[PDB]
């Protein structure tokens, strides 16, 4: 039968098969260097330059705007009662597309609090290192299997995003730096995503495990690992380029 059914708590690695625990371990350093990135420690402390903050918001926009569209593309690959994991995916995607209803609007508001206009967002004037994530997300959503594309976007990206957004909000400095009358609206996107204990990525993982079963091939495991690490690695590429610009911007004003 090879059929997976969770007994343990949703949000614990030990509730899943050994291969899934292995997958988490194999991707852990790729994840870590994103969720603990220096850029986020600086953002938390309100230290980032206007230039970099602007690039971050513009660069992140396409992935945020199109996030429910990746989910939609994945829904399009599912069929009713073809496999238990596939029914689980269908229902989950139908429920969670709705969750994103206002999230692009919140990003627009976050952006405007830093002087980034809707026009600025739409112009997409950022380095290519910043656009790579969006192209990967569409490629996997378009061309890959459901299980792989869900791993790349709902597990990897949303999981890491819960953690970086929690880090940004973790000491109150960033939020308190906004004028009181601007703060609620500016912070909304971050507040809605800020959680270490968010079920979303664990629900995605559960779906992936159900799709794959107890004994997936090594080849499928490799496909998942590579897709998940690709997502983290493109986030890392984005952040590294941002930090290069940060050093230049800060250094210029230090010397000026």
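Numbering follows the first chain given and starts at 1.
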Looking at the deposited entry, does 63-71 or 187-195 carry the larger mean Cα B-factor?
-> 187-195
Do the C-alpha atoms of 21-29 or of 244-252 have the higher average B factor in the entry?
-> 244-252
Highest Cα B-factor in the deposition, which of 37, 230, 44, 200?
-> 200
Reading the B-factor column for Cα atoms of 173, 151, 123, 132, the highest value belongs to 123
Residue 205 - Cα temperature factor, lowest/middle/highest third of chain = lowest
If you rank the chain by CA B-factor, which third does residue 162 end up in: lowest, middle or highest?
-> lowest
Name the third of the chain's ranked CA B-factors that contains residue 104, choosing lowest, middle or highest.
-> middle
Using the B-factors in the PDB entry, rank residue 225's C-alpha atom against the chain and give the third, lowest, middle or highest.
-> lowest
What third of the chain, by the recorded C-alpha B-factor, contains residue 79?
-> highest
